[PDB]
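Asks: Pasting the sequence and an experimental structure:
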Amino acid sequence: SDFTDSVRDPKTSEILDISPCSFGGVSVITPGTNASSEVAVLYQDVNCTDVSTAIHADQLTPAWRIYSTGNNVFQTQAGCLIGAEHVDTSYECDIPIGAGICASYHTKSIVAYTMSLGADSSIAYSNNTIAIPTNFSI
Amino acid sequence: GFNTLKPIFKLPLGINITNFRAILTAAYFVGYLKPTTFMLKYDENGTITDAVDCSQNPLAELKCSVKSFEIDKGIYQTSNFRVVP
Amino acid sequence: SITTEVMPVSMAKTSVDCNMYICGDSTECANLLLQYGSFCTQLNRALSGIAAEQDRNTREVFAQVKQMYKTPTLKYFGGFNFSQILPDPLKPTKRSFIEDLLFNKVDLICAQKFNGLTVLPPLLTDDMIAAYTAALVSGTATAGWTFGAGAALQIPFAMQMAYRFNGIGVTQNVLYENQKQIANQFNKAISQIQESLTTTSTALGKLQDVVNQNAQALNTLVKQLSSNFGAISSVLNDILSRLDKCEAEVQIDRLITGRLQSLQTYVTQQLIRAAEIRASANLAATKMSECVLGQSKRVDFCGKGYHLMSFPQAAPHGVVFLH
Amino acid sequence: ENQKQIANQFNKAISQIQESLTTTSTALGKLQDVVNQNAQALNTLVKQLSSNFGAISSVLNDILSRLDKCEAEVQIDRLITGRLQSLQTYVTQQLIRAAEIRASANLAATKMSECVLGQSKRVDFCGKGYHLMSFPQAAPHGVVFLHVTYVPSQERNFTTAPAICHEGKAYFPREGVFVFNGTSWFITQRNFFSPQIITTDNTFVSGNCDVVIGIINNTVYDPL
Ligand SMILES: *[C@@H]1O[C@H](CO)[C@@H](O)[C@H](O)[C@H]1NC(C)=O
Ligand SMILES: *[C@@H]1O[C@H](CO)[C@@H](O)[C@H](O)[C@H]1NC(C)=O
Ligand SMILES: *[C@@H]1O[C@H](CO)[C@@H](O)[C@H](O)[C@H]1NC(C)=O
Ligand SMILES: *[C@@H]1O[C@H](CO)[C@@H](O)[C@H](O)[C@H]1NC(C)=O
Ligand SMILES: *[C@@H]1O[C@H](CO)[C@@H](O)[C@H](O)[C@H]1NC(C)=O
Ligand SMILES: *[C@@H]1O[C@H](CO)[C@@H](O)[C@H](O)[C@H]1NC(C)=O
Ligand SMILES: *[C@@H]1O[C@H](CO)[C@@H](O)[C@H](O)[C@H]1NC(C)=O
Ligand SMILES: *[C@@H]1O[C@H](CO)[C@@H](O)[C@H](O)[C@H]1NC(C)=O
């Protein structure tokens, strides 16, 4: 596409890359305006060691710098999620983020967990036994 | 707090103004205007009764991207209102 | 005889930034784009609906068990060798041996990110789709028809094939007198699939065509930015560099219209493609429901011959049935 | 044998539907989404008349009110082009949505044919369990099926054999499996536990008991 990538400086005769000011994707996760005013911010396809460089966090308001680096940083295969407290246990999916991670509003704060596939169970296999029902339901 | 300002008057005087100076006989505060993106709400009288600044919060950027003051639960994708050249 | 059948379930989830594609980092073009009001929200709504529909397809084909069965430690059920379609505990992968054979047979992405084209990741990862299909195969071996019809009831695998011979009009004693022959034929038909899946690459073409079509559509959307649509040039930073604010209004407003209609053509094509993928996904869902969880008497719905049972396997953006 | 307590489960299951339908309002979400989509599309078609598409104004009676029939041709033509392509976009989206509604309507028609007017053996087509009958009800731009199904419960363990032989001849069951109580071998159907004494009539003979794997000695009653 006719979009200039590099340009030669006419004085020092070096080469400069030109890239867009903010390329990528940012997504906002809310519990609803009528529920709370806190959000969680997801940066897509961005390793979370250099999220401050790819957003130009030095030229932002101080209400954007608290969603750029903190103790609530999570790294998912979609990107970096900031503002959601990671929990180890798994529940059903509430807000689909992507690549196996969901987020929800639990006890209040926004938590981000791995979604649970289903109930964990097991049935034994033996070569000389069977299970036959005795009652029914309509 | 919050208070909208009504237009009293516009003067057809063609000069450059790069300095000013108050004239006293209390305190006064001076702030400078910058080019930003607002979202304003007009009631049935025709008056601005609410406004959100799209460059302040990720939530406010979301409110300006959806173009509403009420947001339902879910994940949304937002535009770029946070950086100006 | 065991026959493979390949069918797609979901396609890629995409989303375009309208302002970055039409007027990239230009303030004048953005103010001229706000005059075409409510033309990018209407488009992002369609693309987001497509993405949610794709996730719904992937969920609805596979998540047909409310209860997850662990794979048994013994993979030899009465002479029938199941070790080839169930996960291996010693191996480092969480996928079957046949599924690993399926996942291997299926300056341009840099220019897509610069123009606002992003591909979202799927919700169910490849280790959770392949953990669903290890609970349908393992439920079919240790239980029977009733794990999808209610509570799972254990039965020996030799007595499960005697009831499945009664479904096709052959008596029970045909199984029991020559159980060793049928067990040897079932081990041989599984092994012949791997000797066919490893060599050739013309079996998963229905899953490769989806990838090719999506990549071609996105690359054509990128390559249509180099047209000028009758303006002086295709570069928006060349019109604004040498034309004043009075002459450049008509030159920019010819680029905005052309790029808008190109984006709209892309979205319409994607909507029709999403419709046909959803139709294939609904067929995959009912085939899984009626032929894996039970035995079907519909002719040629689930293979050539008289159906006995079925096994599902995962595949890149699709499912493979071994009828 | 137990018709009275089956009819009590059918009266109770009908009554539990109302207690679910009265309280919540998200059970019919597939019918409200159609209304929302159509209303949103039509409201967007109205709200796209306030855009000007590069002309001097979005109001057609404002271009004609201050321009002659000579410079107003290009502005009117830009407005006409914009509104024509907006209407064509609306019609294309409506055609695709009509296609998906027709697909769902064909599914509803075949479900009514194969499940209300008869009994279907297709698995999970008409509810979870073994299908018995069905009842259609109307709904705003839609239909609601009340599939009634039989689901087994309270499973019990048994030990089983594929065949038995009485005097060197293997006896295979006709319908059901052999099961083993505290003392004896019975024959049962698989969806209920009705243990019947084993007789010559409900088992058939094929071959000797030297090739079937896992055969257990017993005696077969003869009506004589
Ligand atoms: C051009 O001007 C720059 C700035 O003073 C200087 O460094 C450079 O040597 C000059 N000459 C050339 C050939 O670039
Ligand atoms: C981690 O960050 C580095 C920094 O350049 C990047 O190259 C790499 O791709 C990132 N990792 C992933 C998995 O994206
Ligand atoms: C089946 O359950 C019902 C109610 O739970 C009970 O009344 C009935 O006796 C049960 N059947 C048997 C055979 O016990
Ligand atoms: C608009 O003005 C009228 C008359 O002054 C007043 O009655 C009405 O309340 C006003 N609207 C609002 C939203 O206050
Ligand atoms: C089942 O087949 C695999 C394929 O290599 C083989 O390794 C294994 O020994 C077989 N199981 C038996 C013979 O019990
Ligand atoms: C049948 O026996 C197994 C173990 O022998 C046990 O785990 C299972 O719960 C039993 N079934 C019932 C219905 O109690
Ligand atoms: C069936 O098995 C149970 C085992 O608890 C036994 O008590 C009962 O007597 C058996 N039925 C008959 C008819 O013997
Ligand atoms: C059942 O399996 C056990 C353990 O493998 C074996 O000892 C027994 O002989 C088997 N019985 C039949 C009838 O296959």
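Replies: Sure thing, it's come through. Numbering: from 1, shown residues only, chains lettered A, B, ... in the order given. Ligands and ions are numbered 1, 2, ... in the order given.

Asks: and the one residue in chain D that gets nearest to ligand 6, how far is that from residue A:137?
Replies: At 3.7 Å from ligand 6, residue D:157 is the closest residue in chain D, using C-beta to the nearest ligand atom. C-beta: built from backbone N, CA, C; applies to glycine. According to C-beta to C-beta, to the nearest Å, residue D:157 and residue A:137 sit 20 Å apart.

Asks: Might you report the residue contacts of the residue of chain D closest to ligand 6?
Replies: By C-beta atoms under 8 Å, 6 or more residues apart in numbering or on different chains, residue D:157 lies in contact with A:129-131.

Asks: What is the nearest of the residues you listed to residue A:107?
Replies: Checking the contacts of residue D:157 against residue A:107 by C-beta to C-beta gives residue A:131 as the nearest, at 40.6 Å.

Asks: circling back: ok, and the most crowded of the contacts of residue D:157?
Replies: Within these, residue A:130 tops the neighbour count with 24 neighbours, counted by other C-beta atoms under 10 Å in any protein chain shown.

Asks: and whatever residue of chain B ends up closest to ligand 7, how many neighbours does it have?
Replies: Relative to ligand 7, the nearest point of chain B is residue B:73 (54.0 Å; C-beta to the nearest ligand atom). Here the number of neighbours of residue B:73 (other C-beta under 10 Å) works out to 15.

Asks: Could you do residue B:10 as well?
Replies: Using other C-beta under 10 Å, residue B:10 has 6 other residues around it.

Asks: before we move on, what about the one 5 residues further on?
Replies: Using other C-beta under 10 Å, residue B:15 is surrounded by 5 other residues.

Asks: Assign it to helix, strand or coil.
Replies: The three-state assignment at residue B:15 reads coil, by DSSP: H, G, I helix; E, B strand; the rest coil.

Asks: that older thread, distance of the residue of chain B closest to ligand 7 from residue A:126?
Replies: Counting by C-beta to C-beta, the gap from residue B:73 to residue A:126 is 48 Å.

Asks: Ramachandran angles for residue A:43?
Replies: Note on residue A:43: its backbone torsions stand at phi -100, psi 120 [degrees, to the nearest 10].

Asks: Thought residue A:54 was touching it, still the case?
Replies: Yes. Counting by C-beta atoms under 8 Å, residue A:43 touches residue A:54, with 7.5 Å between them.

Asks: can you list residues touching both of these two?
Replies: Shared contacts of residue A:43 and residue A:54 (C-beta under 8 Å, 6+ apart): residue A:24.

Asks: So the two - more neighbours on which side?
Replies: Neighbour totals were compared for residue A:43 and residue A:54, and residue A:43 leads with 21 against 15 (other C-beta under 10 Å).

Asks: ok, the more buried one - contacts?
Replies: Contacts for residue A:43 (C-beta under 8 Å, 6+ apart) come out as A:24-26, A:51, A:54-55, A:79-80, A:82.

Asks: Would you map the helices across chain D?
Replies: Counting by DSSP state H, chain D has helices at residues D:3-23, D:29-47, D:60-63, D:72-111.

Asks: To residue C:215, which of these lies closest?
Replies: Closest among the helices of chain D, using C-beta to C-beta: helix D:72-111, at 23.0 Å.

Asks: roughly how far is the closest one from the heart of the chain?
Replies: Taking C-alpha atoms, centre = their mean, to the nearest Å, one finds the center of helix D:72-111 at 30 Å from the center of the full chain.

Asks: any idea how far the residue lying farthest from the centre of chain B is from residue C:198?
Replies: Within chain B, the residue lying farthest from the chain centre (C-alpha atoms, centre = their mean) is residue B:25, at 32.4 Å. Here residue B:25 is placed at a distance of 96 Å from residue C:198 (C-beta to C-beta).

Asks: Likewise for residue C:265?
Replies: For residue C:265, the distance to residue C:198 equals 41 Å [C-beta to C-beta].

Asks: Determine the three-state secondary structure at residue C:152.
Replies: Residue C:152 ends up coil, using three-state DSSP.

Asks: Could I get the full set of strands for chain B?
Replies: Along chain B, the segments classed as strands by DSSP state E run B:38-42, B:48-53, B:74-77.

Asks: Could you do chain A as well?
Replies: Using DSSP E, the strands found in chain A span residues A:6-8, A:15-17, A:26-30, A:40-44, A:73-76, A:79-82, A:85-86, A:95-98, A:101-106, A:109-114, A:119-121, A:130-137.

Asks: Relative to the whole chain's centre, how far out is the last one?
Replies: The one in question is strand A:130-137. Centroid separation for strand A:130-137 versus its chain: 46 Å, with C-alpha atoms, centre = their mean.

Asks: before we move on, which element is residue C:252 in?
Replies: Assessed by DSSP states H and E, residue C:252 sits inside helix C:248-291.

Asks: near chain D, anything from that helix?
Replies: Yes. Contact of helix C:248-291 with chain D (C-beta under 8 Å from any C-beta of the partner chain) involves C:249, C:253, C:261, C:264, C:268, C:271-272, C:275, C:278-279, C:286, C:289-290.

Asks: how about the residues of chain A near chain D?
Replies: Proximity of chain A to chain D (C-beta under 8 Å from any C-beta) is limited to residues A:127-138.

Asks: who in chain B is up against ligand 4?
Replies: Contact residues, chain B versus ligand 4 (C-beta under 6 Å from any ligand atom): B:43-45.

Asks: For whichever residue of chain B sits closest to ligand 2, name its beta-bridge partners.
Replies: Here chain B gets closest to ligand 2 at one residue, residue B:77, 19.9 Å apart by C-beta to the nearest ligand atom. In this entry, residue B:77 is beta-bridged to residue A:27, by DSSP bridges.

Asks: still on that earlier bit, my read is that the residue of chain B closest to ligand 7 contacts residue A:103, right?
Replies: No. The criterion here is C-beta under 8 Å, and residue B:73 misses it with residue A:103 at 10.4 Å.

Asks: Which neighbours do the two have in common?
Replies: When contacts are counted by C-beta under 8 Å, 6+ apart, the set common to residue B:73 and residue A:103 consists of residue A:95.

Asks: ok, now which ones touch residue 50?
Replies: Using chain A here. Counting by C-beta under 8 Å, 6+ apart, residue A:50 has no contacts.

Asks: not quite, I wanted chain C
Replies: Per C-beta under 8 Å, 6+ apart, neighbours of residue C:50: C:13-14, C:270-271, C:274.

Asks: cool, and residue A:86?
Replies: Applying C-beta under 8 Å, 6+ apart, the residues contacting residue A:86 are A:74, A:111-113.

Asks: same question, residue D:165
Replies: For residue D:165, the contacting residues are D:171, D:208-209, D:215, D:217-218, by C-beta under 8 Å, 6+ apart.

Asks: same question, residue B:56
Replies: Contacts of residue B:56 by C-beta under 8 Å, 6+ apart are A:61, A:63.

Asks: separation between it and residue C:66?
Replies: Distance, residue B:56 to residue C:66, by C-beta to C-beta: 46 Å.

Asks: Would you check how far apart residue D:115 and residue A:117 are?
Replies: For residue D:115, the distance to residue A:117 - C-beta to C-beta - is 31 Å.

Asks: neighbour-wise, which of the two wins?
Replies: With neighbours defined as other C-beta under 10 Å, residue D:115 and residue A:117 compare such that residue D:115 has more, 21 against 18.

Asks: Let me see the contact set for the more buried one.
Replies: Contacts of residue D:115 by C-beta under 8 Å, 6+ apart are D:125-126, D:131, D:134, D:145, D:147.

Asks: List only buried entries from those residues.
Replies: Among the contacts of residue D:115, those classed as buried by 16 or more other C-beta atoms under 10 Å in any protein chain shown are D:125-126, D:131, D:134, D:147.

Asks: Could you see whether chain A lies near stretch C:16-24?
Replies: Yes. Contact of stretch C:16-24 with chain A (C-beta under 8 Å from any C-beta) involves C:17, C:20, C:24.
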